[PDB]
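Trainee: I have a structure I would like to understand better, so I am pasting it below and will then ask my questions one at a time.
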Amino acid sequence: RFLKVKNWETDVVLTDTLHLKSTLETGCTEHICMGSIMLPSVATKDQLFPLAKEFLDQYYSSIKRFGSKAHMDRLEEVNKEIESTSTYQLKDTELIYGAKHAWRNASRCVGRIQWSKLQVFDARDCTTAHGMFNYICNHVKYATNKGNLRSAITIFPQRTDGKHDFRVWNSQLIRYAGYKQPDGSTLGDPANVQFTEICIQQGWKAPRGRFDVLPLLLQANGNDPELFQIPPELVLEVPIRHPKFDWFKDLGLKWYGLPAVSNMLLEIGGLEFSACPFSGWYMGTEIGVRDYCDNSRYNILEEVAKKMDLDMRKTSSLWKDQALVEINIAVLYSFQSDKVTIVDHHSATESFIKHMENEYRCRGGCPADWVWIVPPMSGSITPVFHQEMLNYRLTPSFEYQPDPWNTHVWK
Ligand code: HEM
Ligand SMILES: Cc1cc(N)nc(-c2cc(CN(C)C)cc(F)c2F)c1
Ligand SMILES: C[C@H](O)[C@H](O)[C@H]1CNc2nc(N)[nH]c(=O)c2N1
Ligand SMILES: [Zn+2]
């Protein structure tokens, strides 16, 4: 019960005691492992205090004033506020620590070497969807920083009763639209075809093309959500060119610089933040491999193989692999010749091993989801493929949450 994780590329071995602090459950039992299930699966005051205590204990431990008077009075203070309101409010400092450690514990995140460099935007004074829009806009502009991207999170008011939730209804602040066609097929992004429809049902006017930036659907205090259009000067986009093939210009592709997940739930000391968009920068593969070449996404292996003139008759010609490697050189190249922050799957996976070492040394471990950490191309030529990882669920944490349109008691 002081487990060992080995690397088989380097024979390096690390000891994990951090998993002992784990509290939540994984999905796995002694007789079944669910490590490749994607989504494995109101709160009272009784449950609420251990979670405040637990969180408050590590936060003061982190500023190296564990259990002091300043801690015990904060423990007493929260306890009484959970008596008084059956909930409580986080200090500015507790919110930043909590948020940063949700990221630090995001076991499916490969870019976590950066977890301490996170800009926390406190939007807990927000009351309206217009305020949400305005907080998100400052987030986008700040985190984009002219392309020298910066990690940021914007934390809207915590869930209270359940019927008054702040939700960003988009899965990401910036996504391209998804239009099915009369002839069945799909323009834009097939991922978002329902969301694109919801925006239309609430009154969007779609420029029914490809890389159409969707509008924000912001629900404030449980109210029915409202559409807002991010000023296009804030939506930084990178046109994809290849450093060889000039028909790659005519491919006519671009991606947005800012990956910013808006649909997850941030958990700090038992408090539930249902609207907490967070942003970093892209590893190339999520664009080049997944976005562009997932079969039910942009599905561009067909055309990129074409304009290379490749043996598409047969499967064993690896024409798909060949076209994938070029696509990803191009995504990278475009982003870097534009000074827009991006990381290649090699650089990022090496950093994660370096980050893993730091974690096991100064923290006793690092939760990691090998299914998610290994880049979706060239697996074994990246050092994380060869790295055993213990996955376990620490807190504070980012958590999946149901889409608001399945849950929303509407009017
Ligand atoms: C700064 C550069 C960052 C890089 C290079 C990076 C990299 C990645 C990648 C490649 C994924 C997999 C995405 C996918 O395949 O769908 C991911 C997932 C994730 N990352 Fe990061 N990320 C960064 C920033 C952040 C930040 C700022 C946070 C939180 C504040 C965060 C927390 C997460 C979460 C919650 C997930 C998804 C877990 C899930 O979907 O179940 N990351 N990251
Ligand atoms: C902060 C950040 C950096 C980065 N490189 N990627 C992501 C990211 C994560 C998911 C995970 N789930 C919501 C499916 C989906 C995406 F499309 C992303 F872009 C987020
Ligand atoms: C079936 C499997 O769980 C699913 O494809 C997962 C696999 N690993 C992944 N890893 C990352 N980074 N992103 C993903 O979307 C997925 N999808
Ligand atoms: Zn398992």
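As shown in the structure tokens, the chain order sets the letters A, B, ...; within each chain, residues go from 1, and ligands are also counted from 1 in the order they appear.
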Given a cut-off of 6 Å, what residues near ligand 2 show up using only C-alpha atoms and all ligand atoms, put as a PDB file with C-alpha atoms, in the first residue's frame?
Mentor:
ATOM      1  CA  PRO A 259      -8.977  25.815 -25.980  1.00  0.00           C
ATOM      2  CA  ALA A 260     -11.295  26.730 -23.102  1.00  0.00           C
ATOM      3  CA  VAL A 261     -13.524  24.071 -21.563  1.00  0.00           C
ATOM      4  CA  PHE A 278     -10.734  27.242 -18.029  1.00  0.00           C
ATOM      5  CA  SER A 279      -8.228  27.681 -20.822  1.00  0.00           C
ATOM      6  CA  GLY A 280      -4.694  26.821 -21.670  1.00  0.00           C
ATOM      7  CA  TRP A 281      -3.134  26.193 -25.050  1.00  0.00           C
ATOM      8  CA  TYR A 282      -3.376  23.330 -27.495  1.00  0.00           C
ATOM      9  CA  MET A 283      -1.281  20.286 -27.884  1.00  0.00           C
TER      10      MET A 283
END
Trainee: Could the residues of chain A that have an atom at most 8 Å from ligand 3 be listed as a tab-separated table, each with its closest atom pair and the distance in Å to one decimal, counting only C-alpha atoms and all ligand atoms and ordered by chain and ascending residue number?
Mentor:
residue	atom	partner	partner_atom_place_in_ligand_line	distance
A:35	CA	ligand 3	3 (O)	7.5
A:36	CA	ligand 3	3 (O)	4.0
A:37	CA	ligand 3	3 (O)	4.8
A:38	CA	ligand 3	3 (O)	4.4
A:108	CA	ligand 3	12 (N)	6.9
A:109	CA	ligand 3	12 (N)	7.8
A:286	CA	ligand 3	12 (N)	7.6
A:290	CA	ligand 3	15 (O)	7.7
A:371	CA	ligand 3	8 (N)	4.7
A:372	CA	ligand 3	10 (N)	3.3
A:373	CA	ligand 3	12 (N)	5.8
A:374	CA	ligand 3	12 (N)	7.0
A:375	CA	ligand 3	12 (N)	6.4
A:376	CA	ligand 3	10 (N)	6.8
Trainee: Write out, as CSV, each residue of chain A that has an atom at most 12 Å from ligand 4, together with the closest pair of atoms and their distance in Å to one decimal, counting only C-alpha atoms and all ligand atoms, rows going by chain and rising number.
Mentor:
residue,atom,partner,partner_atom_place_in_ligand_line,distance
A:25,CA,ligand 4,1 (Zn),10.9
A:26,CA,ligand 4,1 (Zn),7.6
A:27,CA,ligand 4,1 (Zn),7.5
A:28,CA,ligand 4,1 (Zn),4.9
A:29,CA,ligand 4,1 (Zn),7.5
A:30,CA,ligand 4,1 (Zn),8.7
A:31,CA,ligand 4,1 (Zn),9.3
A:32,CA,ligand 4,1 (Zn),6.9
A:33,CA,ligand 4,1 (Zn),3.5
A:34,CA,ligand 4,1 (Zn),5.0
A:35,CA,ligand 4,1 (Zn),4.6
A:36,CA,ligand 4,1 (Zn),8.2
A:37,CA,ligand 4,1 (Zn),9.7
A:40,CA,ligand 4,1 (Zn),11.2
A:368,CA,ligand 4,1 (Zn),11.7
A:369,CA,ligand 4,1 (Zn),9.8
A:370,CA,ligand 4,1 (Zn),10.7
A:371,CA,ligand 4,1 (Zn),10.6
A:389,CA,ligand 4,1 (Zn),10.8
A:390,CA,ligand 4,1 (Zn),9.1
A:391,CA,ligand 4,1 (Zn),8.0
A:392,CA,ligand 4,1 (Zn),9.6
Trainee: For the residues in the current selection, export N, CA, C and O atoms as a compact mmCIF listing (two decimals), in the first residue's frame.
Mentor:
# COMPACT_ATOMS: atom_id res chain seq x y z
N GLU A 25 -14.15 7.42 -5.84
CA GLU A 25 -14.09 6.09 -6.42
C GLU A 25 -13.86 6.19 -7.92
O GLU A 25 -14.20 7.19 -8.56
N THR A 26 -13.26 5.13 -8.49
CA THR A 26 -12.74 5.14 -9.86
C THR A 26 -13.69 4.53 -10.89
O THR A 26 -13.66 4.92 -12.06
N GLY A 27 -14.52 3.57 -10.49
CA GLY A 27 -15.25 2.72 -11.39
C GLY A 27 -14.72 1.31 -11.39
O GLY A 27 -15.47 0.36 -11.64
N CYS A 28 -13.44 1.15 -11.07
CA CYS A 28 -12.80 -0.15 -11.06
C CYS A 28 -13.06 -0.87 -9.74
O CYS A 28 -13.12 -0.24 -8.68
N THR A 29 -13.24 -2.18 -9.82
CA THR A 29 -13.29 -3.04 -8.65
C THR A 29 -12.10 -3.99 -8.68
O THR A 29 -11.28 -3.96 -9.60
N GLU A 30 -12.01 -4.85 -7.67
CA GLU A 30 -10.92 -5.82 -7.66
C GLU A 30 -11.00 -6.79 -8.83
O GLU A 30 -9.99 -7.40 -9.18
N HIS A 31 -12.17 -6.91 -9.47
CA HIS A 31 -12.41 -7.91 -10.49
C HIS A 31 -12.84 -7.32 -11.83
O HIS A 31 -13.30 -8.07 -12.71
N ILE A 32 -12.71 -6.01 -12.02
CA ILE A 32 -12.98 -5.37 -13.29
C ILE A 32 -12.31 -4.00 -13.30
O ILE A 32 -12.33 -3.27 -12.31
N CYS A 33 -11.70 -3.67 -14.43
CA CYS A 33 -11.06 -2.39 -14.64
C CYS A 33 -11.81 -1.63 -15.73
O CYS A 33 -12.13 -2.21 -16.78
N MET A 34 -12.12 -0.37 -15.44
CA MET A 34 -12.92 0.48 -16.32
C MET A 34 -12.11 1.63 -16.90
O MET A 34 -12.68 2.58 -17.44
N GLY A 35 -10.78 1.54 -16.81
CA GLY A 35 -9.87 2.58 -17.24
C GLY A 35 -10.09 3.12 -18.64
O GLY A 35 -9.38 4.04 -19.04
N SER A 36 -11.02 2.56 -19.43
CA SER A 36 -11.24 3.04 -20.79
C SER A 36 -12.71 3.37 -21.03
O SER A 36 -13.09 3.69 -22.17
N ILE A 37 -13.52 3.35 -19.98
CA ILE A 37 -14.85 3.94 -19.99
C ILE A 37 -14.71 5.46 -19.91
O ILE A 37 -14.06 5.99 -19.00
N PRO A 40 -17.25 7.45 -16.41
CA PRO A 40 -17.65 6.43 -15.44
C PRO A 40 -18.38 7.06 -14.25
O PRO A 40 -18.01 8.13 -13.76
N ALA A 368 -2.75 9.92 -12.88
CA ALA A 368 -2.59 10.03 -14.32
C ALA A 368 -3.41 8.94 -15.00
O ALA A 368 -3.50 7.82 -14.49
N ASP A 369 -4.06 9.32 -16.09
CA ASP A 369 -4.93 8.48 -16.88
C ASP A 369 -4.18 8.24 -18.18
O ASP A 369 -4.19 9.08 -19.09
N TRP A 370 -3.52 7.09 -18.24
CA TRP A 370 -2.70 6.72 -19.39
C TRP A 370 -3.53 6.67 -20.67
O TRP A 370 -3.04 7.04 -21.75
N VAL A 371 -4.79 6.23 -20.58
CA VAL A 371 -5.67 6.25 -21.75
C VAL A 371 -5.72 7.63 -22.36
O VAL A 371 -5.69 7.79 -23.59
N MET A 389 1.23 4.54 -14.92
CA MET A 389 0.57 5.61 -14.20
C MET A 389 -0.52 5.04 -13.31
O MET A 389 -1.41 4.34 -13.80
N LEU A 390 -0.47 5.37 -12.02
CA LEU A 390 -1.59 5.14 -11.11
C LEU A 390 -2.63 6.25 -11.28
O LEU A 390 -2.32 7.44 -11.15
N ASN A 391 -3.88 5.86 -11.58
CA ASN A 391 -4.99 6.78 -11.65
C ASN A 391 -5.81 6.71 -10.37
O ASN A 391 -6.18 5.62 -9.92
N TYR A 392 -6.08 7.87 -9.78
CA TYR A 392 -6.91 7.97 -8.60
C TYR A 392 -7.44 9.40 -8.50
O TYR A 392 -6.91 10.32 -9.13
Trainee: I'd like the interatomic distance between atom CA of residue 54 of chain A and atom CA of residue 269 of chain A, to a tenth of an Å.
Mentor: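 Pair atom CA of residue 54 of chain A / atom CA of residue 269 of chain A returns 7.2 Å.
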Trainee: Using only C-alpha atoms, which protein or nucleic acid residues come within 9 Å of residue 344 of chain A? Drop anything in the same chain fewer than 4 positions from it, and give the result as a list in words.
Mentor: residues 282, 283, 284, 285, 328, 332, 348 and 349 of chain A
Trainee: With N, CA and C atoms retained, could you export that selection as a PDB file, in the first residue's frame?
Mentor:
ATOM      1  N   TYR A 282      -3.144  24.616 -26.863  1.00  0.00           N
ATOM      2  CA  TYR A 282      -3.376  23.330 -27.495  1.00  0.00           C
ATOM      3  C   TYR A 282      -2.085  22.532 -27.577  1.00  0.00           C
ATOM      4  N   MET A 283      -2.186  21.245 -27.275  1.00  0.00           N
ATOM      5  CA  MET A 283      -1.281  20.286 -27.884  1.00  0.00           C
ATOM      6  C   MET A 283      -1.760  20.069 -29.309  1.00  0.00           C
ATOM      7  N   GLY A 284      -0.811  19.931 -30.237  1.00  0.00           N
ATOM      8  CA  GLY A 284      -1.186  19.891 -31.637  1.00  0.00           C
ATOM      9  C   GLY A 284      -2.174  18.779 -31.946  1.00  0.00           C
ATOM     10  N   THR A 285      -2.058  17.646 -31.246  1.00  0.00           N
ATOM     11  CA  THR A 285      -2.784  16.458 -31.680  1.00  0.00           C
ATOM     12  C   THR A 285      -4.291  16.622 -31.537  1.00  0.00           C
ATOM     13  N   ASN A 328      -0.484  17.189 -39.023  1.00  0.00           N
ATOM     14  CA  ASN A 328      -0.028  17.653 -37.722  1.00  0.00           C
ATOM     15  C   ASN A 328       1.245  18.501 -37.809  1.00  0.00           C
ATOM     16  N   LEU A 332       0.997  22.443 -36.285  1.00  0.00           N
ATOM     17  CA  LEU A 332       2.115  22.996 -35.529  1.00  0.00           C
ATOM     18  C   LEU A 332       2.709  24.203 -36.242  1.00  0.00           C
ATOM     19  N   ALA A 348       5.223  17.957 -25.079  1.00  0.00           N
ATOM     20  CA  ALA A 348       4.251  17.946 -23.989  1.00  0.00           C
ATOM     21  C   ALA A 348       4.334  16.654 -23.179  1.00  0.00           C
ATOM     22  N   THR A 349       4.614  15.519 -23.839  1.00  0.00           N
ATOM     23  CA  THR A 349       4.666  14.289 -23.060  1.00  0.00           C
ATOM     24  C   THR A 349       5.975  14.203 -22.283  1.00  0.00           C
TER      25      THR A 349
END
Trainee: Name all residues at most 8 Å from residue 178 of chain A (count only C-alpha atoms; drop same-chain ones fewer than 6 positions away) and give them as a list in words.
Mentor: residues 186, 187, 188, 189, 190, 191, 192, 193, 194, 195, 196 and 210 of chain A
Trainee: Write the residues of the preceding selection, restricted to C-alpha atoms, as a PDB file, in the first residue's frame.
Mentor:
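Okay, this is what ended up in result_9.pdb:
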ATOM      1  CA  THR A 186     -22.551  17.645 -42.010  1.00  0.00           C
ATOM      2  CA  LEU A 187     -20.995  21.072 -42.559  1.00  0.00           C
ATOM      3  CA  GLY A 188     -18.831  22.681 -39.889  1.00  0.00           C
ATOM      4  CA  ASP A 189     -18.283  20.505 -36.804  1.00  0.00           C
ATOM      5  CA  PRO A 190     -20.433  17.360 -36.345  1.00  0.00           C
ATOM      6  CA  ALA A 191     -19.652  17.417 -32.607  1.00  0.00           C
ATOM      7  CA  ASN A 192     -21.813  20.509 -32.036  1.00  0.00           C
ATOM      8  CA  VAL A 193     -24.765  19.813 -34.343  1.00  0.00           C
ATOM      9  CA  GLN A 194     -27.226  19.622 -31.474  1.00  0.00           C
ATOM     10  CA  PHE A 195     -25.717  22.646 -29.721  1.00  0.00           C
ATOM     11  CA  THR A 196     -25.753  24.607 -32.982  1.00  0.00           C
ATOM     12  CA  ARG A 210     -17.696  25.764 -41.834  1.00  0.00           C
TER      13      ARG A 210
END
Trainee: List as an MDAnalysis selection string the protein and nucleic acid residues near residue 366 of chain A, meaning an atom at most 12 Å away when only C-alpha atoms are counted, but skip any in the same chain fewer than 4 places from it.
Mentor: chainID A and resid 3:5 14:22 101 103:110 112:113 352:362 370 388:394
Trainee: Can you work out the spacing between atom 13 (C, counted along the ligand's line) of ligand 1 and atom CA of residue 304 of chain A in Å, to one decimal?
Mentor: 23.5 Å
Trainee: Smallest atom-to-atom distance to residue 173 of chain A: which of A:243, A:50, A:215, A:365, using only C-alpha atoms?
Mentor: A:215
Trainee: Write out as a PDB file with N, CA, C and O atoms, in the first residue's frame each polymer residue whose atoms come within 12 Å of residue 220 of chain A, counting only C-alpha atoms; drop sequence neighbours fewer than 2 positions from it.
Mentor:
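Full text of part-v8.pdb as output:
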ATOM      1  N   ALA A 123     -15.427  35.430 -10.554  1.00  0.00           N
ATOM      2  CA  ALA A 123     -16.671  36.017 -11.033  1.00  0.00           C
ATOM      3  C   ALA A 123     -17.830  35.640 -10.130  1.00  0.00           C
ATOM      4  O   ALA A 123     -18.978  35.595 -10.569  1.00  0.00           O
ATOM      5  N   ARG A 124     -17.539  35.366  -8.861  1.00  0.00           N
ATOM      6  CA  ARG A 124     -18.610  35.017  -7.945  1.00  0.00           C
ATOM      7  C   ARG A 124     -19.523  36.191  -7.583  1.00  0.00           C
ATOM      8  O   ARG A 124     -20.559  35.942  -6.960  1.00  0.00           O
ATOM      9  N   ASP A 125     -19.188  37.445  -7.956  1.00  0.00           N
ATOM     10  CA  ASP A 125     -20.121  38.569  -7.805  1.00  0.00           C
ATOM     11  C   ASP A 125     -21.077  38.698  -8.990  1.00  0.00           C
ATOM     12  O   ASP A 125     -21.891  39.629  -9.019  1.00  0.00           O
ATOM     13  N   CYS A 126     -21.016  37.769  -9.944  1.00  0.00           N
ATOM     14  CA  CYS A 126     -21.835  37.830 -11.148  1.00  0.00           C
ATOM     15  C   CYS A 126     -23.284  37.472 -10.834  1.00  0.00           C
ATOM     16  O   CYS A 126     -23.567  36.653  -9.955  1.00  0.00           O
ATOM     17  N   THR A 127     -24.211  38.131 -11.540  1.00  0.00           N
ATOM     18  CA  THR A 127     -25.640  37.916 -11.309  1.00  0.00           C
ATOM     19  C   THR A 127     -26.465  37.715 -12.577  1.00  0.00           C
ATOM     20  O   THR A 127     -27.597  37.219 -12.475  1.00  0.00           O
ATOM     21  N   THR A 128     -25.950  38.052 -13.763  1.00  0.00           N
ATOM     22  CA  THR A 128     -26.728  38.061 -14.996  1.00  0.00           C
ATOM     23  C   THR A 128     -25.912  37.425 -16.115  1.00  0.00           C
ATOM     24  O   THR A 128     -24.679  37.378 -16.070  1.00  0.00           O
ATOM     25  N   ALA A 129     -26.622  36.929 -17.129  1.00  0.00           N
ATOM     26  CA  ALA A 129     -25.935  36.396 -18.298  1.00  0.00           C
ATOM     27  C   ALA A 129     -25.084  37.459 -18.972  1.00  0.00           C
ATOM     28  O   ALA A 129     -24.010  37.146 -19.500  1.00  0.00           O
ATOM     29  N   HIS A 130     -25.533  38.720 -18.956  1.00  0.00           N
ATOM     30  CA  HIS A 130     -24.708  39.797 -19.501  1.00  0.00           C
ATOM     31  C   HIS A 130     -23.413  39.940 -18.723  1.00  0.00           C
ATOM     32  O   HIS A 130     -22.361  40.225 -19.301  1.00  0.00           O
ATOM     33  N   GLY A 131     -23.470  39.775 -17.406  1.00  0.00           N
ATOM     34  CA  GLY A 131     -22.243  39.784 -16.636  1.00  0.00           C
ATOM     35  C   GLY A 131     -21.363  38.603 -16.976  1.00  0.00           C
ATOM     36  O   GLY A 131     -20.145  38.739 -17.114  1.00  0.00           O
ATOM     37  N   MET A 132     -21.975  37.432 -17.143  1.00  0.00           N
ATOM     38  CA  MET A 132     -21.236  36.258 -17.588  1.00  0.00           C
ATOM     39  C   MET A 132     -20.494  36.545 -18.886  1.00  0.00           C
ATOM     40  O   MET A 132     -19.263  36.480 -18.939  1.00  0.00           O
ATOM     41  N   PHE A 133     -21.228  36.956 -19.917  1.00  0.00           N
ATOM     42  CA  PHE A 133     -20.612  37.336 -21.181  1.00  0.00           C
ATOM     43  C   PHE A 133     -19.415  38.245 -20.967  1.00  0.00           C
ATOM     44  O   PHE A 133     -18.330  38.011 -21.512  1.00  0.00           O
ATOM     45  N   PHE A 156     -17.699  31.366 -11.785  1.00  0.00           N
ATOM     46  CA  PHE A 156     -18.992  31.966 -11.513  1.00  0.00           C
ATOM     47  C   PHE A 156     -19.559  31.419 -10.208  1.00  0.00           C
ATOM     48  O   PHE A 156     -18.996  30.487  -9.628  1.00  0.00           O
ATOM     49  N   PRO A 157     -20.648  32.016  -9.694  1.00  0.00           N
ATOM     50  CA  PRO A 157     -21.122  31.656  -8.353  1.00  0.00           C
ATOM     51  C   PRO A 157     -21.367  30.160  -8.177  1.00  0.00           C
ATOM     52  O   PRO A 157     -21.841  29.464  -9.082  1.00  0.00           O
ATOM     53  N   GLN A 158     -21.050  29.677  -6.982  1.00  0.00           N
ATOM     54  CA  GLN A 158     -21.240  28.269  -6.686  1.00  0.00           C
ATOM     55  C   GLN A 158     -22.719  27.922  -6.723  1.00  0.00           C
ATOM     56  O   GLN A 158     -23.588  28.780  -6.533  1.00  0.00           O
ATOM     57  N   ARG A 159     -22.993  26.653  -7.019  1.00  0.00           N
ATOM     58  CA  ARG A 159     -24.334  26.116  -6.889  1.00  0.00           C
ATOM     59  C   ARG A 159     -24.784  26.213  -5.437  1.00  0.00           C
ATOM     60  O   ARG A 159     -24.011  25.949  -4.514  1.00  0.00           O
ATOM     61  N   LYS A 163     -31.617  24.629  -8.310  1.00  0.00           N
ATOM     62  CA  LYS A 163     -32.439  25.283  -9.320  1.00  0.00           C
ATOM     63  C   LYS A 163     -31.901  26.654  -9.714  1.00  0.00           C
ATOM     64  O   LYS A 163     -32.450  27.278 -10.631  1.00  0.00           O
ATOM     65  N   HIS A 164     -30.850  27.134  -9.051  1.00  0.00           N
ATOM     66  CA  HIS A 164     -30.170  28.378  -9.408  1.00  0.00           C
ATOM     67  C   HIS A 164     -28.720  28.031  -9.678  1.00  0.00           C
ATOM     68  O   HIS A 164     -27.850  28.222  -8.822  1.00  0.00           O
ATOM     69  N   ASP A 165     -28.469  27.508 -10.872  1.00  0.00           N
ATOM     70  CA  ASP A 165     -27.124  27.206 -11.324  1.00  0.00           C
ATOM     71  C   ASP A 165     -26.696  28.214 -12.373  1.00  0.00           C
ATOM     72  O   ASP A 165     -27.493  28.615 -13.230  1.00  0.00           O
ATOM     73  N   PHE A 166     -25.443  28.642 -12.281  1.00  0.00           N
ATOM     74  CA  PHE A 166     -24.799  29.323 -13.391  1.00  0.00           C
ATOM     75  C   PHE A 166     -24.207  28.263 -14.306  1.00  0.00           C
ATOM     76  O   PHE A 166     -23.399  27.445 -13.860  1.00  0.00           O
ATOM     77  N   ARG A 167     -24.632  28.246 -15.562  1.00  0.00           N
ATOM     78  CA  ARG A 167     -24.086  27.306 -16.532  1.00  0.00           C
ATOM     79  C   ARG A 167     -23.718  28.036 -17.807  1.00  0.00           C
ATOM     80  O   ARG A 167     -24.523  28.809 -18.327  1.00  0.00           O
ATOM     81  N   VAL A 168     -22.506  27.793 -18.297  1.00  0.00           N
ATOM     82  CA  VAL A 168     -22.187  28.013 -19.705  1.00  0.00           C
ATOM     83  C   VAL A 168     -22.664  26.785 -20.470  1.00  0.00           C
ATOM     84  O   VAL A 168     -22.209  25.668 -20.203  1.00  0.00           O
ATOM     85  N   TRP A 169     -23.599  26.982 -21.404  1.00  0.00           N
ATOM     86  CA  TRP A 169     -24.175  25.847 -22.119  1.00  0.00           C
ATOM     87  C   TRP A 169     -23.272  25.317 -23.229  1.00  0.00           C
ATOM     88  O   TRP A 169     -23.466  24.177 -23.664  1.00  0.00           O
ATOM     89  N   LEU A 217     -23.934  30.588 -24.988  1.00  0.00           N
ATOM     90  CA  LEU A 217     -25.245  30.354 -24.375  1.00  0.00           C
ATOM     91  C   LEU A 217     -25.041  30.345 -22.864  1.00  0.00           C
ATOM     92  O   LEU A 217     -24.607  29.344 -22.293  1.00  0.00           O
ATOM     93  N   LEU A 218     -25.377  31.460 -22.219  1.00  0.00           N
ATOM     94  CA  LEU A 218     -25.053  31.688 -20.820  1.00  0.00           C
ATOM     95  C   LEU A 218     -26.331  31.681 -19.998  1.00  0.00           C
ATOM     96  O   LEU A 218     -27.237  32.485 -20.247  1.00  0.00           O
ATOM     97  N   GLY A 222     -29.780  30.063 -12.613  1.00  0.00           N
ATOM     98  CA  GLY A 222     -30.852  29.186 -13.037  1.00  0.00           C
ATOM     99  C   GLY A 222     -31.769  29.728 -14.116  1.00  0.00           C
ATOM    100  O   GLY A 222     -32.634  28.981 -14.590  1.00  0.00           O
ATOM    101  N   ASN A 223     -31.614  30.987 -14.534  1.00  0.00           N
ATOM    102  CA  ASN A 223     -32.509  31.560 -15.535  1.00  0.00           C
ATOM    103  C   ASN A 223     -32.244  30.976 -16.924  1.00  0.00           C
ATOM    104  O   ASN A 223     -31.155  30.484 -17.230  1.00  0.00           O
ATOM    105  N   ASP A 224     -33.266  31.040 -17.773  1.00  0.00           N
ATOM    106  CA  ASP A 224     -33.148  30.527 -19.132  1.00  0.00           C
ATOM    107  C   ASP A 224     -32.007  31.239 -19.864  1.00  0.00           C
ATOM    108  O   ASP A 224     -31.923  32.475 -19.818  1.00  0.00           O
ATOM    109  N   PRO A 225     -31.122  30.508 -20.542  1.00  0.00           N
ATOM    110  CA  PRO A 225     -29.882  31.116 -21.035  1.00  0.00           C
ATOM    111  C   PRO A 225     -30.109  32.024 -22.232  1.00  0.00           C
ATOM    112  O   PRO A 225     -31.148  31.994 -22.893  1.00  0.00           O
ATOM    113  N   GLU A 226     -29.084  32.828 -22.520  1.00  0.00           N
ATOM    114  CA  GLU A 226     -29.182  33.935 -23.467  1.00  0.00           C
ATOM    115  C   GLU A 226     -27.959  33.952 -24.375  1.00  0.00           C
ATOM    116  O   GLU A 226     -26.846  33.643 -23.947  1.00  0.00           O
ATOM    117  N   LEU A 227     -28.166  34.349 -25.626  1.00  0.00           N
ATOM    118  CA  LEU A 227     -27.118  34.271 -26.636  1.00  0.00           C
ATOM    119  C   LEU A 227     -26.285  35.545 -26.659  1.00  0.00           C
ATOM    120  O   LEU A 227     -26.823  36.652 -26.575  1.00  0.00           O
ATOM    121  N   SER A 274     -20.596  25.166 -11.045  1.00  0.00           N
ATOM    122  CA  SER A 274     -21.148  24.637 -12.287  1.00  0.00           C
ATOM    123  C   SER A 274     -20.768  25.446 -13.521  1.00  0.00           C
ATOM    124  O   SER A 274     -21.049  25.005 -14.640  1.00  0.00           O
ATOM    125  N   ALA A 275     -20.174  26.624 -13.348  1.00  0.00           N
ATOM    126  CA  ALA A 275     -19.714  27.450 -14.461  1.00  0.00           C
ATOM    127  C   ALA A 275     -18.308  27.902 -14.107  1.00  0.00           C
ATOM    128  O   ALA A 275     -18.128  28.752 -13.230  1.00  0.00           O
ATOM    129  N   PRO A 404     -26.808  21.153 -19.657  1.00  0.00           N
ATOM    130  CA  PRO A 404     -27.892  21.869 -18.963  1.00  0.00           C
ATOM    131  C   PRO A 404     -29.241  21.727 -19.634  1.00  0.00           C
ATOM    132  O   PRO A 404     -30.261  21.929 -18.966  1.00  0.00           O
ATOM    133  N   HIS A 408     -32.588  21.326 -17.398  1.00  0.00           N
ATOM    134  CA  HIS A 408     -33.127  22.648 -17.092  1.00  0.00           C
ATOM    135  C   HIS A 408     -34.651  22.642 -17.060  1.00  0.00           C
ATOM    136  O   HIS A 408     -35.314  22.504 -18.097  1.00  0.00           O
TER     137      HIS A 408
END
Trainee: Find the residues around residue 308 of chain A up to 10 Å (only C-alpha atoms counted), leave out those fewer than 2 positions away in its own chain, and share them as a ChimeraX atom specification.
Mentor: /A:245,247,303-306,310-311,319,322-323,326
Trainee: Suppose we keep C-alpha atoms; can you now write the selection as a PDB file, in the first residue's frame?
Mentor:
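For reference, again.pdb as written:
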ATOM      1  CA  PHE A 245       2.401  21.502 -49.802  1.00  0.00           C
ATOM      2  CA  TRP A 247      -2.412  22.928 -51.857  1.00  0.00           C
ATOM      3  CA  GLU A 303      -9.000  14.869 -48.895  1.00  0.00           C
ATOM      4  CA  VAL A 304      -5.486  15.214 -47.515  1.00  0.00           C
ATOM      5  CA  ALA A 305      -4.687  11.721 -48.812  1.00  0.00           C
ATOM      6  CA  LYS A 306      -6.097  12.766 -52.189  1.00  0.00           C
ATOM      7  CA  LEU A 310      -1.690   8.058 -52.146  1.00  0.00           C
ATOM      8  CA  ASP A 311      -2.681   4.411 -52.490  1.00  0.00           C
ATOM      9  CA  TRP A 319      -2.280   6.289 -46.493  1.00  0.00           C
ATOM     10  CA  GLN A 322       0.863   9.305 -43.812  1.00  0.00           C
ATOM     11  CA  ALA A 323      -1.822  11.968 -44.242  1.00  0.00           C
ATOM     12  CA  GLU A 326       1.519  15.892 -42.504  1.00  0.00           C
TER      13      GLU A 326
END
Trainee: Find, counting only C-alpha atoms, the residue in A:321, A:48, A:62, A:276 that gets nearest to residue 81 of chain A.
Mentor: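 Among the listed residues, the smallest separation from residue 81 of chain A belongs to A:48.
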Trainee: Report, in Å to a single decimal, how far apart atom CA of residue 137 of chain A and atom 1 (C, counted along the ligand's line) of ligand 1 are.
Mentor: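 Separation of atom 1 (C, counted along the ligand's line) of ligand 1 and atom CA of residue 137 of chain A: 18.7 Å.
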Trainee: May I have all residues of segment 101-225 of chain A that DSSP, computed from the backbone, assigns to strand (DSSP E), given as number ranges by chain?
Mentor: A: 119-122, 152-155, 167-168, 178-180, 186-188, 216-219
